[PDB]
Every structure is written in structure tokens, then in C-alpha cells.
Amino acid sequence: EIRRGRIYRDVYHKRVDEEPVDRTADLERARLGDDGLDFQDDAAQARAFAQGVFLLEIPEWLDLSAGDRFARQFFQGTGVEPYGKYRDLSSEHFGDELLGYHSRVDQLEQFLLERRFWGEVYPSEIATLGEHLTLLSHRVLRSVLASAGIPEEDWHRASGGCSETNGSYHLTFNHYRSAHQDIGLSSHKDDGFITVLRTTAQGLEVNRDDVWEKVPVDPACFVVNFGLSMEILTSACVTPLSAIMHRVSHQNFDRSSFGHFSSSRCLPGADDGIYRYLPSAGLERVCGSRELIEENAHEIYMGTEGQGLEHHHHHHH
């Protein structure tokens, strides 16, 4: 089901759509307060889950200031205190090729770290931020699973442990180098179940249906994305949920962001796998969790195979 360079062939037309973006997306808005996850009404929640993206009000108790500073500093090198030294931590420090500082082939450079290292490696205030976002993400995920009609007995296996905060969690910081040419971050779907994105400036674009649209800047809200694992899991339920195709436009001045990603456990020696739920037969394994992550990473930055799909390029008409 997961073939290298072919994950996105069914949305290839979205990946090569480079028409100017003049629309802004009207996303549904939810809150997670004293009543759980709360949209304006049931219709709004259904629209949000079918689009695979919505806005989530940042709880008043949650402190993001250290994350915002880390996102603006991690890449600067050991000269710059307190966070510039994270530039120098590469994957061999963690025994995990996914983690540490990464200079991508798009404008973005990243620092990515999985939860098993937060307490040891991140500044304590950043580890605290990661744990708070994990508990917040956990509550969102359980609301979504409850609406999908999957029996609760199956949630732990269906979520690779995320239904009980036993999945894999990455707290990832993004810096868009405006001196680099071309797209800020290529169009993609995230690997996992739930992504919680903290953005404070223009750049994020989503393609919920047939057109790319700008996500409005609202620093009092998170953007919540569903990822490929959520799409795969619910693909045969009564109401399949979409993973949102999204990208970051070319940045003319530097931009920073960070995100919390929930995935099926993908430890190098303990991989919980990716499943789809069949209303008849139950859970069926589709692929490995790390397998999905690395084939996704390949195709996000190296591109989707386009043979036979050339009519989707505007210049061929």
C-alpha cells in the first residue's frame, strides 16, 4: 500500500498546483476547556474532521514563550545562548536518524526530538511544553476516536499506543531560511494521527478540496492537523477522516514555527505499526510506523512520481 514515491499520486495535482493563492481558509474553531473538545455545534465538528484541519484555542494555562524563543534560536550555533547549541546535535547523539538538527532541501531547517529524549536533552522548560502538548493532544485524539465508531477496546492498537500516551511524540521546531530559494516546505501530509502546530506569521497554506488557501494568522489558536495514519485508520469507517494536505509558501523574510506530532510508536526496536479499521473484520495491519515516516520524508522532499499525470501541470496546456 505504501510504495516509495507513490504515496501522493492521488493528490499529485495538488502538489504541482502553483497558481497564486488569493483565498484564505475559513477553518472551524474549537476549544478544549472545562467541557472537553467543543466546536460550535455537531455540524462544525463534522466539517472539521472531514477537512482534517481546524483551529484550537490555546488554553489560558499553557505557556508557549519558551517554545517561541527556542524556535527562533536553535539554529544559531553554540555562540548564541541559551539555545543556539542545539544546532550541533545531530542524529548520532540519539541513535535515531530522524532526530536532531536537520537542514532540509526546502527553506526550512528543523530540530526534531522524540519524547524519550525530552527530559534528558531539551531545556527543562521545553520538555515541560512537550509534556503539556502531549496531554492536550491525547484529549483531542480520544474525542476523534470516539466519533469514528471504533470500539474503545481497539483504540490502543488502532493508535499505536497514542490513545494512552504510549505512542511516539515529536516536538519539532521549524525555521524558514528566507535566503534560500523556492518553497518554504513542500506540500505534504504529516505521518501520524494528530499534529498541533504553533504558527504566528503568514505562510501556512492548506488544500482541503480543490484549491490552495492561506491559513489566517491567529497566535491565540493552534492549527490541528490529521495525518496519514488517521486517514489510513478511518479509511473504511462510516465517516472517513482526511489527512490535510498543507505547505509553507516561499518566505521572503525568516519565519519560525513549532509542532507537536503524535504517531504510532516507532522506536527503532519497538514499532507498533499502522492499521486500518474494517467495520466487519476489525484492525488490519497496513505498514510499519517508522516505514511510513521515512517513505513520507522521501516523497515530501524528493517529489512524487508524475508519469501519466502531466496534464496536471499548467504549462503543458
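Position 1 is the first residue in the sequence shown; the rest follow in order.
- Stretches 235 to 243 and 70 to 78 differ in mean CA B factor, with 235 to 243 having the higher one.
- A summary of the deposited B-factors shows that, of 141 to 149 and 104 to 112, the stretch with the larger mean C-alpha value is 141 to 149.
- Take 292, 56, 278, 53 and read off each C-alpha B-factor from the entry; 278 has the highest.
- Which of 260, 285, 250, 265 has the largest Cα B-factor in the deposited entry comes down to 285.
- Residue 303: CA B factor in the middle third of modelled residues in this chain (values from the PDB entry).
- In the deposited entry, the Cα temperature factor of residue 170 places it in the lowest third of its chain's modelled residues.
- Remark: residue 134 belongs to the lowest third of its chain, ranked by C-alpha B-factor as recorded.
- Split the chain's modelled residues into thirds by C-alpha temperature factor. Residue 198 is in the lowest one.
- Split the chain's modelled residues into thirds by C-alpha temperature factor. Residue 217 is in the highest one.
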